[PDB]
Asker: 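Supplied in structure tokens, the structure appears directly below.
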Amino acid sequence: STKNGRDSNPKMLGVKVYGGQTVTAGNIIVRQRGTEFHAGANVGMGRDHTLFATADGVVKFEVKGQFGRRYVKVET
Amino acid sequence: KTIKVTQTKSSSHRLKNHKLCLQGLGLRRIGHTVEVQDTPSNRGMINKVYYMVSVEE
RNA sequence: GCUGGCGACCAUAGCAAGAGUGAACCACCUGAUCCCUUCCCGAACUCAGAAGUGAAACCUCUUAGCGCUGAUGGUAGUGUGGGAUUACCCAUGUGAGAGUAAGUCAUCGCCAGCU
RNA sequence: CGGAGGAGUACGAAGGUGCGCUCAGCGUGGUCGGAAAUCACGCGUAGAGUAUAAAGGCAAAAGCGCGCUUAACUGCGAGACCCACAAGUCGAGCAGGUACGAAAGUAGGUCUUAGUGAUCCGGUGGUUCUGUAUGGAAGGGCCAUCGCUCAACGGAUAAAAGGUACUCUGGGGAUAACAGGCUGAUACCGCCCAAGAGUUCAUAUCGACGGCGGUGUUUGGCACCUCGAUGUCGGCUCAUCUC
RNA sequence: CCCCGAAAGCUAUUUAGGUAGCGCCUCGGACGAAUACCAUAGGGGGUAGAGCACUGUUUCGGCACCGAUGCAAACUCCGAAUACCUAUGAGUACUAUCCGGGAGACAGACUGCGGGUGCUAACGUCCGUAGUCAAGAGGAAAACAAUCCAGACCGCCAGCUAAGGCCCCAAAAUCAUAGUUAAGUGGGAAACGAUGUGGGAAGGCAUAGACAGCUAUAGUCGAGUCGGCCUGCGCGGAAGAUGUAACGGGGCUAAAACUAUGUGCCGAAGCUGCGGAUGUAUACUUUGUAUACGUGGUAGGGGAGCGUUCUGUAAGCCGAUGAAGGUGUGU
RNA sequence: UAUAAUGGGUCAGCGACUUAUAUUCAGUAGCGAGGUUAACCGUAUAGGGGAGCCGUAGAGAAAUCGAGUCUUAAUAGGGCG
């Protein structure tokens, strides 16, 4: 007999809205286990590190700061 | 301005997008010839199915 | 032309080494009355000030010493069609990583004070 | 029925907030005190920690302390993620009450992702609902909450083990035992290199450590043919082919 | 008779050869460009490859570090091609979407590519992806569901081609040019072995005379000689049971084999020509006339009909100058 | 599946998606903001019989309201209309 044979259900993480797309306030942009992306202007952060839009506009990805963090923001 | 495209081989077993490229050029059967505008958009479809079409400029 | 504050940018910008500045600013500095502080300590935080110093620290300059950046060409991989099956070859499109030549001791915005 | 690990919890602080602080290791010195306790100063350094497995994260530290505290609130909720259904997930913002801050503000449990159980039937606290002639009441409804290792974890009952060679029916070559088929790990046969053995001398005869094939006899692997039947271990009789 | 046309998946199940929701088919209605192909533009990634900066692992040196050197599904300082999402746009196409009636199906198979498992075994098994079969005829492969070419509305004693072929069985070149092979290699196989024969590059010695043989380095002898490297085609290694049986056969050697190049031709139910039928759409502003595009099909869905018995129409019409039934012929 | 998988020796005759009720959808006909009778009576397919049914209003568990209603302290927000 084998001692293996277990796995967990999928979690369907990932980028939901890509750069250049138009969003409405409340739209989820990124599902992520940790902060692979950080929240920029007009973007909020949930309790499970989800990134969501807090205004209507156009999504933009960038890299900024002294730590080289990846940021996502919404331009109005 | 315009070029002539002739279909030379069967399309029955080709890839889905290749069949759609033939249909978007307007070709319908082996030996069919169509006359289309010389634009990059049309040339993309032609170049994708280069292996079963013949082009006269 | 120097000094301080707040930003843009986040190594071609940093680290290290050497050098320089006290008019103003800054820093060290004097004291522990009152405000406030130490799981003890006026070391830090805070208050009251000007006897000293540019030593330390901060800034500015110089250096390719570490670091960082980095071509061209070639190679690996790879979509489509064809030919072969230790997994390669041809046509066409694409094209790294590493390494080589080489570059770098940053570049800008607002406000205030001195000469 | 592939390779590796965890869960069926914990915490009134290990939650909220304001303020504050940086780990680990090494080298020097210093009573017991040393490999390693505590003190002091320096060097390069996130290699420490995060209640717990791993992963993704963590300087405004999400790591570590102190004071005050209960937002581990009530009514909701634009808009999305995921999705057969039933479910699950994130959420700005509005109103009321509150905690910590001088204040701008932050707080709808904990860095996140596991720590779980539908419906039925009942128990408990409320309630401006209902109340079989009428007034009540009993009972029922609504809101909050309690009872399952229903772990075969979408849970057939509140409640259940075996034998049949005395056996039987409906089916399957969807699926085993025989023979056939594919394969050749195993089996058998052959070859390559050659330490050495052979008083000297690898190859008269053997031949270690290794390598390459052939056959389709063995033990096997697979489940393609046959379960509206291909019906036998050995002996007897009679054979036919290969080298 | 006409039209369209699947699935063998996901989820759950005392469920596993049943069933339910979803996915896939069909019919009616609504609505038209909201859809797709391709071209530009924007975007995230951690695979192929690569690397040693972390985690592990490895070899040799120097004094845990330092220097050279490898490896990794559960390592990453890096990092494509594709694929995926969004916006704009040309051309082409009856495309997307919504609301309802009816289903079937939830045993799949092979092949190529990326993998787990197995022995880098199996016509093995489990996933992802594409094609074919399933449900698909024709031609090629001797015969051969799943390979190659190609998608059958009907008819023709017309033509052009695809894959594949052109000496005879058997349609078309005993075609042309230049080379290679002597093994019937072609028309089964390895490590390894060998003066088989082509081609190419380089090297050593040589008419003050090289190699072999011969005469006891000297000596007659009078041109090349010696040893490796790369590469084309061949040889051995090569033993089985019914009968040649490992080109389909005959047969094939300046080929009818192999390599390269060029002219022709044969070759399908593909394409074209002529005749006919049918579905849909667009116009004729009734039609039943023109044009364009369609007509392989299992489970299924939709549409249109032929015949049989009985009732009315029928106290009608046909019938001994012969009904029904049986048996031939013609149309 | 030519299969060496099933069934049929042959011919003639018979042999398998029906009937009743309810319900939903489509076509067609009458009437139309209305439509329609059931049992029953009836020299009887006529004519009577309006009890009942469907449509015309929803929200809420319900009392209750009603083009609104429920939730709520809320006229906010939100769900069904």
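The sequence lines fix the lettering, A, B, ..., with proteins before strands; numbering per chain opens at 1.
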Asker: Between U147(E) and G131(E), how many Å separate the two P atoms, rounded to a whole number?
Answerer: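 The same atom, P, in both gives a distance of 12 Å.
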
Asker: I want to verify the glycosidic state of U14(E); is it syn or anti under the 90° rule?
Answerer: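 Judged by the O4'-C1' to base torsion, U14(E) sits in anti, the angle falling more than 90° away from 0.
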
Asker: With syn defined as a glycosidic angle within 90° of 0 and anti as the rest, where does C88(C) land?
Answerer: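 Judged by the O4'-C1' to base torsion, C88(C) sits in anti, the angle falling more than 90° away from 0.
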
Asker: Residues of residues 50-57 of chain B with any non-hydrogen atom less than 4.0 angstrom from an atom of RNA chain C: list those, numerically ordered, please.
Answerer: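 Close to the strand are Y50(B), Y51(B).
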
Asker: Please tabulate, for the side chains in residues 41-49 of chain A, all donor-acceptor contacts under 3.5 angstrom to protein atoms that are two or more places apart in sequence or on a different chain.
Answerer:
unit_1: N42(A); atom_1: ND2; unit_2: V74(A); atom_2: O; d: 2.8
unit_1: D48(A); atom_1: OD1; unit_2: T50(A); atom_2: N; d: 3.3
unit_1: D48(A); atom_1: OD1; unit_2: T50(A); atom_2: OG1; d: 2.4
unit_1: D48(A); atom_1: OD2; unit_2: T50(A); atom_2: OG1; d: 3.4

Asker: Classify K9(B) by what it touches in the nucleic acid, base, sugar-phosphate, or nothing, heavy-atom distance under 4.0 Å.
Answerer: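 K9(B): backbone/sugar contact only, no base atoms under 4.0 Å.
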
Asker: Using a cut-off of 4.0 Å on non-hydrogen atoms, how would the nucleic acid contact of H32(B) be classed: base, sugar-phosphate, or nothing?
Answerer: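 Nothing, no heavy atom under 4.0 Å.
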
Asker: Do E35(B) and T2(B) have a side chain donor and acceptor closer than 3.5 Å?
Answerer: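 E35(B) vs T2(B): donor-acceptor pair found between side chains.
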
Asker: Quick one: list whatever passes salt bridge (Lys or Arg N to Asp or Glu O under 4.0 Å) with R43(B), sequence neighbours left out.
Answerer: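 Here the qualifying residues are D38(B), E57(B).
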
Asker: Specify the residues of residues 54-67 of chain A, ordered by number, for which at least one heavy atom lies under 4.0 angstrom from an atom of RNA chain C.
Answerer: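 Contacts with RNA chain C under 4.0 Å: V63(A), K64(A), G65(A), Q66(A).
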
Asker: Does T39(B) reach a base, just sugar-phosphate, or nothing at all? Heavy atoms under 4.0 Å.
Answerer: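 Counting heavy atoms under 4.0 Å across all strands, no contact is made by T39(B).
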
Asker: With a non-hydrogen cut-off below 4.0 angstrom, is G44(B) in contact with a base, only sugar-phosphate, or nothing?
Answerer: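 Contact class for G44(B): sugar-phosphate only.
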
Asker: When rounded to the nearest Å, what value does the distance between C1' atoms of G116(E) and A74(E) take?
Answerer: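 These two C1' atoms come out 14 Å apart once rounded.
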
Asker: Show me the donor-acceptor pairs, under 3.5 Å and distance only, between side chains in residues 11-21 of chain A and residues at least two apart or in other chains.
Answerer:
unit_1: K11(A); atom_1: NZ; unit_2: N9(A); atom_2: O; d: 2.8
unit_1: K16(A); atom_1: NZ; unit_2: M12(A); atom_2: O; d: 3.1
unit_1: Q21(A); atom_1: OE1; unit_2: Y18(A); atom_2: N; d: 3.0

Asker: Syn if the chi torsion is within 90° of 0, anti otherwise; quick check, which is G102(E)?
Answerer: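 Glycosidic conformation of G102(E): anti.
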
Asker: Would you mind classifying the nucleic acid contact of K16(B) as base, sugar-phosphate or nothing, using non-hydrogen atoms under 4.0 angstrom?
Answerer: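 Nothing: the residue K16(B), judged by heavy atoms under 4.0 Å, touches no strand.
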
Asker: Assign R70(A) to base, sugar-phosphate, or nothing according to its heavy-atom contacts below 4.0 angstrom with the strands shown.
Answerer: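 Here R70(A) touches the backbone only, sparing every base.
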
Asker: Which part of the nucleic acid, if any, lies within reach of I30(B) when heavy atoms closer than 4.0 Å are counted: base, sugar-phosphate only, or nothing?
Answerer: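 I30(B): backbone/sugar contact only, no base atoms under 4.0 Å.
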
Asker: List for me each residue that meets salt bridge (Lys or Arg N to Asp or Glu O under 4.0 Å) alongside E36(A), sequence neighbours excluded, and say none if there are none.
Answerer: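 Partners of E36(A) under the salt bridge (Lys or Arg N to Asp or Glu O under 4.0 Å) test: none.
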
